[PDB]
């Protein structure tokens, strides 16, 4: 039972309206990572996009300045037992 969840999720670079995030890949065949993000306060709608499994970085654009954003990343990965399945997420908070 190897962990399919990424580790070391962090913001490497940031402008007022964008974040560059990177993560350590899990020791499994990741087909794609799903990056989700939304305003930590309340119930502004959370958006998601995918990046290919080869990539271990992503740019989140069009954010609001000075706003607390919750950012999660989870994988869609091949394993012998489960075939394609979705991992649990790793999550961080970051104020622009």
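Residue numbers count along the first chain shown, from 1. Under this definition, the rigid core comprises the largest set of C-alpha atoms superposing within 1.5 Å between the forms.
S.K.: Output the stretch, either 42-50 or 29-37, that has more C-alpha displacement from this form in 5 other deposited structures of this protein following superposition by the rigid core.
M.R.: If we average over structures and residues in 5 other deposited structures of this protein, the farther stretch is 42-50.
S.K.: Per the record, averaged over C-alpha atoms, which has the higher B-factor: 41-49 or 66-74?
M.R.: Taking the mean B-factor of the alpha carbons in each, 41-49 is higher.
S.K.: Check where residue 86 lands among this chain's C-alpha B-factors and tell me if it's the lowest, middle or highest third.
M.R.: As the PDB entry reports it, the C-alpha B-factor of residue 86 lands in the lowest third of its chain.
S.K.: Check where residue 36 lands among this chain's C-alpha B-factors and tell me if it's the lowest, middle or highest third.
M.R.: For residue 36, whose C-alpha B-factor we compare with every modelled residue in the chain, the answer is the lowest third.
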